[PDB]
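These notes are about the structure you will find just below.
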Amino acid sequence: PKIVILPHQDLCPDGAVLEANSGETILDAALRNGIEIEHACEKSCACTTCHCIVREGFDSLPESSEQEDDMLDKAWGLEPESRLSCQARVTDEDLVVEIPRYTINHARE
Ligand code: FES
């Protein structure tokens, strides 16, 4: 399915259209296309730097785990449609995704 990344001043100025594979995470699809979404804990579901908001298609994605939910409670700019992009896997529906203006990372320099 197609994943549209909304325009992001720092990581995707004009936005982008990604052709993602079913079962593939939003993050891996983004990274293959050179969209550098931060992933501090290396896709271990232990941070919130890969946080994204699924504006369209949130219901198509597999429900978030208990471990993911706990991490999201720490996410800056949390919304009902927030997901850790390293955990959210595309299924059979096109998505519209927004990368947050900021993400909390106590280890950032
Ligand atoms: S990269 Fe750390 S939770 Fe996704």
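We name chains A, B, ... following the order of the structure tokens; residues begin at 1 in each chain, and ligands are numbered from 1 as shown.
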
Could you produce a table of the residues of chain A lying within 7 Å of ligand 1, with the nearest pair of atoms per residue and their separation in Å rounded to one decimal, using only C-alpha atoms and all ligand atoms, ordered by chain and increasing residue number, as a tab-separated table?
```
residue	atom	partner	partner_atom_place_in_ligand_line	distance
A:38	CA	ligand 1	1 (S)	6.7
A:39	CA	ligand 1	1 (S)	3.3
A:40	CA	ligand 1	1 (S)	5.2
A:41	CA	ligand 1	2 (Fe)	4.2
A:42	CA	ligand 1	1 (S)	4.9
A:43	CA	ligand 1	1 (S)	3.9
A:44	CA	ligand 1	2 (Fe)	5.4
A:45	CA	ligand 1	3 (S)	3.4
A:46	CA	ligand 1	3 (S)	4.6
A:47	CA	ligand 1	2 (Fe)	4.0
A:48	CA	ligand 1	3 (S)	5.1
A:49	CA	ligand 1	1 (S)	5.9
A:50	CA	ligand 1	4 (Fe)	4.6
A:51	CA	ligand 1	4 (Fe)	6.9
A:84	CA	ligand 1	4 (Fe)	5.2
A:85	CA	ligand 1	4 (Fe)	6.0
A:86	CA	ligand 1	4 (Fe)	4.4
A:87	CA	ligand 1	4 (Fe)	6.6
```

Using only N, CA and C atoms, please write the residues we just selected to a file, as a PDB file, in the first residue's frame.
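Output file selection_12.pdb follows:
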```
ATOM      1  N   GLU A  38      13.950   9.341  13.168  1.00  0.00           N
ATOM      2  CA  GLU A  38      14.791   8.919  14.279  1.00  0.00           C
ATOM      3  C   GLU A  38      14.301   7.603  14.884  1.00  0.00           C
ATOM      4  N   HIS A  39      15.246   6.750  15.265  1.00  0.00           N
ATOM      5  CA  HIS A  39      14.935   5.474  15.896  1.00  0.00           C
ATOM      6  C   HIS A  39      16.056   5.174  16.883  1.00  0.00           C
ATOM      7  N   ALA A  40      16.091   5.981  17.940  1.00  0.00           N
ATOM      8  CA  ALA A  40      17.101   5.896  18.989  1.00  0.00           C
ATOM      9  C   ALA A  40      17.357   4.526  19.603  1.00  0.00           C
ATOM     10  N   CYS A  41      16.300   3.804  19.967  1.00  0.00           N
ATOM     11  CA  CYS A  41      16.476   2.493  20.592  1.00  0.00           C
ATOM     12  C   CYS A  41      16.568   1.345  19.594  1.00  0.00           C
ATOM     13  N   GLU A  42      16.803   1.679  18.331  1.00  0.00           N
ATOM     14  CA  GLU A  42      16.937   0.682  17.271  1.00  0.00           C
ATOM     15  C   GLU A  42      15.743  -0.256  17.077  1.00  0.00           C
ATOM     16  N   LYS A  43      14.545   0.320  17.007  1.00  0.00           N
ATOM     17  CA  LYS A  43      13.317  -0.439  16.781  1.00  0.00           C
ATOM     18  C   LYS A  43      13.004  -1.477  17.861  1.00  0.00           C
ATOM     19  N   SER A  44      13.284  -1.138  19.118  1.00  0.00           N
ATOM     20  CA  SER A  44      13.039  -2.054  20.233  1.00  0.00           C
ATOM     21  C   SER A  44      11.772  -1.724  21.028  1.00  0.00           C
ATOM     22  N   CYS A  45      11.028  -0.720  20.576  1.00  0.00           N
ATOM     23  CA  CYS A  45       9.805  -0.307  21.253  1.00  0.00           C
ATOM     24  C   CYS A  45      10.154   0.166  22.667  1.00  0.00           C
ATOM     25  N   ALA A  46      11.257   0.906  22.785  1.00  0.00           N
ATOM     26  CA  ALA A  46      11.708   1.411  24.079  1.00  0.00           C
ATOM     27  C   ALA A  46      11.953   2.922  24.105  1.00  0.00           C
ATOM     28  N   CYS A  47      11.469   3.632  23.088  1.00  0.00           N
ATOM     29  CA  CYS A  47      11.623   5.087  23.041  1.00  0.00           C
ATOM     30  C   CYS A  47      10.421   5.684  22.313  1.00  0.00           C
ATOM     31  N   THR A  48      10.489   6.961  21.955  1.00  0.00           N
ATOM     32  CA  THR A  48       9.384   7.574  21.225  1.00  0.00           C
ATOM     33  C   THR A  48       9.882   8.419  20.059  1.00  0.00           C
ATOM     34  N   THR A  49      11.159   8.279  19.718  1.00  0.00           N
ATOM     35  CA  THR A  49      11.722   9.067  18.627  1.00  0.00           C
ATOM     36  C   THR A  49      11.186   8.709  17.250  1.00  0.00           C
ATOM     37  N   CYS A  50      10.606   7.517  17.109  1.00  0.00           N
ATOM     38  CA  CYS A  50      10.045   7.089  15.823  1.00  0.00           C
ATOM     39  C   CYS A  50       8.536   7.371  15.792  1.00  0.00           C
ATOM     40  N   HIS A  51       8.076   8.146  16.768  1.00  0.00           N
ATOM     41  CA  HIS A  51       6.666   8.514  16.880  1.00  0.00           C
ATOM     42  C   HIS A  51       6.128   9.144  15.596  1.00  0.00           C
ATOM     43  N   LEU A  84       4.149   4.095  17.134  1.00  0.00           N
ATOM     44  CA  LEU A  84       5.598   4.080  17.052  1.00  0.00           C
ATOM     45  C   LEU A  84       5.745   3.498  15.652  1.00  0.00           C
ATOM     46  N   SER A  85       6.385   4.238  14.750  1.00  0.00           N
ATOM     47  CA  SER A  85       6.541   3.769  13.377  1.00  0.00           C
ATOM     48  C   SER A  85       7.327   2.468  13.242  1.00  0.00           C
ATOM     49  N   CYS A  86       8.133   2.120  14.239  1.00  0.00           N
ATOM     50  CA  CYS A  86       8.895   0.877  14.152  1.00  0.00           C
ATOM     51  C   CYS A  86       8.035  -0.324  14.557  1.00  0.00           C
ATOM     52  N   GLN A  87       6.833  -0.051  15.052  1.00  0.00           N
ATOM     53  CA  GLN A  87       5.925  -1.112  15.480  1.00  0.00           C
ATOM     54  C   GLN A  87       4.698  -1.232  14.585  1.00  0.00           C
TER      55      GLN A  87
END
```

Nearest residue to residue 90 of chain A from the set A:54, A:26, A:31, A:71 (distances using only C-alpha atoms): A:26

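Atom CA of residue 74 of chain A is positioned 28.3 Å from atom CA of residue 22 of chain A.
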
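Atom CA of residue 25 of chain A to atom CA of residue 89 of chain A spans 4.1 Å [interatomic distance, one decimal].
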
All strand (DSSP E or B) positions in chain A, as a ChimeraX atom specification: /A:2-5,8,12,16-19,25,51-56,82-84,89,95-98

Please write the residues from the selection above to a file, keeping N, CA, C and O atoms, as a compact mmCIF listing (two decimals), in the first residue's frame.
```txt
# COMPACT_ATOMS: atom_id res chain seq x y z
N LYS A 2 0.25 2.38 -0.42
CA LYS A 2 0.95 3.66 -0.45
C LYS A 2 0.89 4.37 0.90
O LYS A 2 -0.15 4.39 1.57
N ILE A 3 2.01 4.97 1.30
CA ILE A 3 2.09 5.73 2.55
C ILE A 3 2.50 7.14 2.16
O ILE A 3 3.57 7.34 1.58
N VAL A 4 1.66 8.11 2.48
CA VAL A 4 2.00 9.49 2.17
C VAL A 4 2.58 10.11 3.43
O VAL A 4 1.98 10.03 4.49
N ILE A 5 3.77 10.68 3.31
CA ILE A 5 4.40 11.34 4.44
C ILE A 5 4.11 12.82 4.19
O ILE A 5 4.50 13.36 3.16
N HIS A 8 7.28 17.82 5.92
CA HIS A 8 7.97 18.02 7.18
C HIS A 8 9.20 18.87 6.87
O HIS A 8 10.10 18.43 6.17
N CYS A 12 11.29 15.98 5.36
CA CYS A 12 10.60 15.71 4.10
C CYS A 12 9.87 16.99 3.67
O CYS A 12 8.64 17.05 3.67
N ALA A 16 6.11 13.11 0.68
CA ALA A 16 6.54 12.00 -0.17
C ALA A 16 5.49 10.90 -0.23
O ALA A 16 4.65 10.79 0.65
N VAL A 17 5.57 10.10 -1.29
CA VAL A 17 4.66 8.98 -1.49
C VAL A 17 5.51 7.72 -1.49
O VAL A 17 6.36 7.55 -2.36
N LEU A 18 5.28 6.85 -0.52
CA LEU A 18 6.05 5.61 -0.41
C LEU A 18 5.22 4.39 -0.82
O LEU A 18 4.05 4.28 -0.45
N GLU A 19 5.81 3.49 -1.59
CA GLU A 19 5.10 2.28 -1.98
C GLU A 19 5.57 1.24 -0.97
O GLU A 19 6.63 0.64 -1.12
N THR A 25 6.82 -2.27 8.33
CA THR A 25 6.59 -1.19 9.29
C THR A 25 6.65 0.15 8.58
O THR A 25 7.32 0.30 7.56
N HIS A 51 8.08 8.15 16.77
CA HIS A 51 6.67 8.51 16.88
C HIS A 51 6.13 9.14 15.60
O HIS A 51 6.79 9.96 14.98
N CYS A 52 4.93 8.75 15.19
CA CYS A 52 4.29 9.32 14.01
C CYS A 52 2.78 9.34 14.26
O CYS A 52 2.29 8.63 15.13
N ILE A 53 2.06 10.15 13.51
CA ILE A 53 0.61 10.23 13.67
C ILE A 53 -0.01 9.76 12.36
O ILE A 53 0.30 10.30 11.29
N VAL A 54 -0.84 8.72 12.43
CA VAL A 54 -1.47 8.19 11.23
C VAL A 54 -2.81 8.91 11.01
O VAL A 54 -3.83 8.50 11.56
N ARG A 55 -2.77 9.97 10.20
CA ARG A 55 -3.94 10.79 9.90
C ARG A 55 -5.02 10.05 9.11
O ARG A 55 -6.21 10.37 9.22
N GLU A 56 -4.61 9.09 8.29
CA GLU A 56 -5.56 8.30 7.51
C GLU A 56 -5.11 6.84 7.50
O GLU A 56 -3.93 6.56 7.25
N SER A 82 -1.63 8.27 17.21
CA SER A 82 -0.18 8.12 17.31
C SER A 82 0.23 6.65 17.31
O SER A 82 -0.50 5.78 17.81
N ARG A 83 1.40 6.38 16.75
CA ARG A 83 1.95 5.03 16.70
C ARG A 83 3.47 5.14 16.67
O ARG A 83 4.02 6.16 16.27
N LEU A 84 4.15 4.10 17.13
CA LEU A 84 5.60 4.08 17.05
C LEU A 84 5.75 3.50 15.65
O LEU A 84 5.23 2.41 15.38
N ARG A 89 2.65 -1.82 11.45
CA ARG A 89 2.85 -2.49 10.17
C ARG A 89 1.67 -2.28 9.23
O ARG A 89 0.52 -2.46 9.61
N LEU A 95 -2.12 4.82 3.67
CA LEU A 95 -2.05 5.65 4.86
C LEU A 95 -1.55 7.05 4.57
O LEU A 95 -0.93 7.30 3.54
N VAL A 96 -1.85 7.97 5.48
CA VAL A 96 -1.35 9.34 5.41
C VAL A 96 -0.70 9.45 6.78
O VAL A 96 -1.35 9.24 7.80
N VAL A 97 0.59 9.75 6.80
CA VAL A 97 1.32 9.82 8.06
C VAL A 97 1.99 11.17 8.27
O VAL A 97 2.52 11.76 7.33
N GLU A 98 1.95 11.66 9.50
CA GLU A 98 2.58 12.93 9.83
C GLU A 98 3.68 12.68 10.85
O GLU A 98 3.48 11.97 11.84
```
